[PDB]
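Two versions of one and the same chain are coming, encoded as structure tokens; call them structure 1 and structure 2.
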Structure 1
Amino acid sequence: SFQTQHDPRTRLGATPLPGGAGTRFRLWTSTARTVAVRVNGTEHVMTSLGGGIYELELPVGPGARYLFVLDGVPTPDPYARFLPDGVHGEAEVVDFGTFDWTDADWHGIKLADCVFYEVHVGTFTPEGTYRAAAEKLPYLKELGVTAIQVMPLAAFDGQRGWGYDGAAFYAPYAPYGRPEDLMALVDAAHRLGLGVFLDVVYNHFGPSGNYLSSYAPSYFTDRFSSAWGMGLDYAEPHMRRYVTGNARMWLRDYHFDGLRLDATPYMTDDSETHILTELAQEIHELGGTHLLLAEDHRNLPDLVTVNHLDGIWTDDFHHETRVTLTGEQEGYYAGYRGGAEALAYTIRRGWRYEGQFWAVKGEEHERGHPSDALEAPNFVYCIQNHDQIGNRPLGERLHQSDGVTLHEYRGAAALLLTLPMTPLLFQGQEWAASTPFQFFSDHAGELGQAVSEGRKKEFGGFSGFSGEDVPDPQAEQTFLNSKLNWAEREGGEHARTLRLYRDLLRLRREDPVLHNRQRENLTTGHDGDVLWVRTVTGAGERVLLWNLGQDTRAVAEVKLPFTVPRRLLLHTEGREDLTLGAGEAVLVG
């Protein structure tokens, strides 16, 4: 009985009309006294309908260029579907019905079948475009990942950026390609049987290019704010519909298979029906198999059980793993001991913090909720992602941090990719890429000059930010140094690491016991610095043993509360015998 709040007839922005009649322009403004649309340079007064809604139909088609004129001030359309000259320019009218899709028989992907691969379009290839990314899809299919996780595409200011400064949520960022280039990427992924997910940012707008307040200040509220901008007022239905209409566009019009909702703790809403619940209703109304995930640090099961999201990016696993390997304790890493026993516990519980005191300085509070309701696929785990690389002072990858060996890096991959939780990999992780992933931006004027100090303040708990070698986010070189080097994977230890990732992803796909997706069938423990993870189903038994010590441990001498299986299925260093050098792992069955 849920009825969508969206009807193409009343869609805000510029929408092509049936029968070649042109385009319908609509906006909401609470404050303007004169309202016009300027199309291809010509101004036309719009009709007032009441409730601050204005409309006009004109015989212009796709490709027409426009903005709105509010009390004589030319103002970009917040509902723009494309901004070819950037966030301060004219929008282009887009028709979503002309692209020739070939994915009519694609039926999406289930979360339990997802192995995510996080892509930043600008750095993923030299060209930094959708078209170039599409040419790497056969490589990703063969690698064995099943869903691409694309970092945000909403238009932001400047010529490069991560995406979290997006300001025009409906307009794919022009430097990456035109709307049809994005559609071609998704179509190509679906032809290869790969899902495609999009990172969307519904907790804040970026600091340049957000003109919503020019139309109605009440899109926003001073009731609360995030670390990155003013509060989006989800008590205002037009604000709710801004993001639910956006979600529906990506899924329906661009054929994405799911969305990853950035920083859901800062989507503050005290409405009877929470905006997250309504987002789920609105995307489900499309009548497909589209998924919603939350990036949420609160360890709150209700995101799944009440808001009806499909899963949660949960960092406790990542953090416990990193601290295990480095011993680092700055910032949020002070929340974790690390080690085999600690990792066994965090896996057993899904997340570590279920209501106990988080004792980190300046942050002391009771964190989290019981994880019991959540099943394995509801937890998205990783050992690398954009934040856990890029928010480090020098943007170094896990194998690049002091004290981490490539053997430890390879062992960590085996843990991640054999667990029944839903894994994510960051681009280049699979070949132990040599390049960092640094924070880069390209803002104009004083805003641009402020980025570096904003970073140092936001991450001031990390002493490396007060050093002298922090890469300037605004420098071209910082962007270029984050580009993947595709050549390097063909040789040496990059190739060795890649072979292991291929072998792990094959086993995950093929092994009848690792097909398990039930926490009931998963147990963990430790003996000294050796972690064990056991899966038992009707199909048999598997055990992963990871030696997190700096000595050698024979599997036969690991004390276990069950009889260890005898058959060696995969060793991370390709050894014949059941013995674990420092940092090494083995899967037995």
Structure 2
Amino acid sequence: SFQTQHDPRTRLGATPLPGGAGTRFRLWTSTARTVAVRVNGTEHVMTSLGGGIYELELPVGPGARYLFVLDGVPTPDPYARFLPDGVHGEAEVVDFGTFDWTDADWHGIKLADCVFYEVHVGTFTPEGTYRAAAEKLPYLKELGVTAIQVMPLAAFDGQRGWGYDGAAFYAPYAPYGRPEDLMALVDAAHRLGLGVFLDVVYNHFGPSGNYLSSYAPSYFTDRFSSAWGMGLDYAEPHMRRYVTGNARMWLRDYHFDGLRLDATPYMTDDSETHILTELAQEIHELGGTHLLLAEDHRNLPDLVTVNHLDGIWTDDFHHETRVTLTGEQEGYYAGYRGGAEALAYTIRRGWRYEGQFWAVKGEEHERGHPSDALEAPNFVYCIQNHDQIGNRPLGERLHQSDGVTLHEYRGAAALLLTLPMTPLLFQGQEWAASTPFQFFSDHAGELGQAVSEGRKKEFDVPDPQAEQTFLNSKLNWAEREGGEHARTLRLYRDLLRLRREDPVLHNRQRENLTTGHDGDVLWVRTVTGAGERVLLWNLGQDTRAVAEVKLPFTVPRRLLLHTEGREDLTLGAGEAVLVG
């Protein structure tokens, strides 16, 4: 008896009418005295319906260009479905009924079957478009990943950016392609049996191109702020519906299989039903198999067990792994010792901080909650993602940080890809890509100057506003064909094939997973009715024979995969082996 709050009849923005009758335009404003729509250059006064709702139907079709005029001020549509001239321009009317989907035999993907591959459309290919990305889908399928995780696509200002400055949440960013180019990418992925997930940002709007306050200041509150502006007021139903209607668009109209909710701790809501719960209700109402993930640092199981999200990006594993390999201690890295015994614990517990004191200077508090309720798929683990590369001054990848060997990098891959938690890889990780992933932006005027200045002060550091910073982050595909890039890629292919094929690694129960250490050797054991597997990773500086590792059980004898392809059960520094 949950009923969606959305009815296509009353949808805000511009929606094609049945029977070729044109387009229905609707908006909500709490303050405007005169309200019109300007379509293809012609102004038309809209009808006041009450409650600040205004509507007009005109015989214009998909492709018509428009914006709204509030007290005489031309104002972009916050509900725009496409913005061909960017965030300050006219919107285009879009009909989602026109695309010829071919994915009727695709039925989504379960979280326990996901191996995510995080793509930034702008840098993933030279062209930096959906069409060029779609051409790499056969590569990704053969690699062995199963779900692409696309960084945010809502239109933002400028000609490149990560996506977190999105301002028109319903409008796919024009430089990447038109709406039908995005649909083509999703359809192609589905035809290859790959899922596609979208990063959405429901805790803030970017600094340029968000005109919601022009319609109603009450979308936002002064009670709290975001990085860019006034906080999103989830006590206001139109604000709630702005994001739930957006989530439903991406899933239903673009056929995404799931959403990754950025920075869920900053979606503040004291309503009886939290906006996260309502998001889950609203997407479920669609009657599909779509998933919701939370990017959440609180180590809070309620995101799954109370808000009914499917899983959580949980950085403690990432951080413990990075500190193990570099020893770094700046910022949040000070929260971790690293090492075999530390990694064994963090894996055992899913996340490390379950209520203990987080002693990181400037952030001190009792962090986290017991992880017992969560099962292995609920934790999304990684050793690289956009933030853990890009939020470093030089945007360097794990194998490029001082002190990290390619052997250690390859061992880390074996640990991540044999665990029953849900793994994520960042584009290019699989071939030890040579290029960084730096923070880049392209804001106008003073705002652009402020971003450059802000980055300099924060931490030579690449200027985020420089074209070169964007280009330096482009993947170099050709390099994967040679040398250590190719060797790394072969290992990633072998690990992803084992993950898929090995009947014991199919385990998705923490009950069947145990961990421990002997000195600097980590061991991770899986026992099911199908057999036993043990991953051993030598995080020491010396060579360790498997036979000399002290274990509380009898080590399996058969060598299934060695990260440096050795024939014998011995681990050089940084190396790992899976036995069975």
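All residue numbers here refer to structure 1's sequence, counted from 1. Just so we're on the same page, rigid core means the largest C-alpha set that superposes within 1.5 Å between forms.
- In the overlay on the core between structure 1 and structure 2, a shift of 2 Å or more in CA position is seen for a single residue of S226, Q281, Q159, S218, which is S226.
- Core-superposed comparison between structure 1 and structure 2: CA of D372 displaced by less than 2 Å.
- After superposing the rigid core, the C-alpha of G454 moves by 2 Å or more between structure 1 and structure 2.
- Aligning the rigid core between structure 1 and structure 2 leaves the CA of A104 offset by 1.1 Å.
- Taking the core as reference, the Cα of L300 moves 0.2 angstrom between structure 1 and structure 2.
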